[PDB]
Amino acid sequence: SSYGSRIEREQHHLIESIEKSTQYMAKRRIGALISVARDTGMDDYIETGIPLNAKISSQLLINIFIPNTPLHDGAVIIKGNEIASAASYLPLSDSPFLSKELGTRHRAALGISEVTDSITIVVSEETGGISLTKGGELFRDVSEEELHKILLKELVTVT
């Protein structure tokens, strides 16, 4: 409908914001952890975070992860067309198959990918590498094209 196109516009704006914010943060080596809900699992984890219920924008994400406010200390949960919360808890994965150069950010992303079907994006504070988790799998140091391809497939309803 005009509902469908509208949702499609919102979803592309979402993808765009994540990509741009993560690109900027990758350059500046700003650690980031952004989980995008695709079900009703993230509800418990949203409540552990600081409530924002704000509109999705690249500037907001980037500012969230600046290491000088309590907002950076955790994950950003995106739900519907909103940044539901910042500084949320994500469960660490107990996988020994995870690389050892990777730390608690990636491990948190992995865990949430294991117990939900949400897409999670990580920006390494150390390497500036961008990674992604879904279904208990981690795609490491993904390229912009690769990132865009996945986000498009997983977060934009084709219709």
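Only the largest set of C-alpha atoms that superpose within 1.5 Å between the two forms is called the rigid core. Start at 1 and count along the sequence shown; that's the residue number.
Between 88-96 and 60-68, greater CA displacement relative to the shown form is found for 60-68 when the structures in 7 other deposited structures of this protein are fitted on the core.
Relative to the shown model and aligned on the rigid core, the C-alphas in 7 other deposited structures of this protein deviate most, among 118-126 and 31-39, for 31-39. When the two stretches 19-27 and 134-142 are set side by side, the higher mean Cα temperature factor goes to 134-142. 118-126 and 56-64 differ in mean CA B-factor, and the higher of the two is recorded for 118-126.
Within the listed group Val36, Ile50, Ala108, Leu102, the record reports its top CA B-factor for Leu102.
Among all modelled residues in this chain, the alpha-carbon of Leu98 has a temperature factor (C-alpha) in the highest third.
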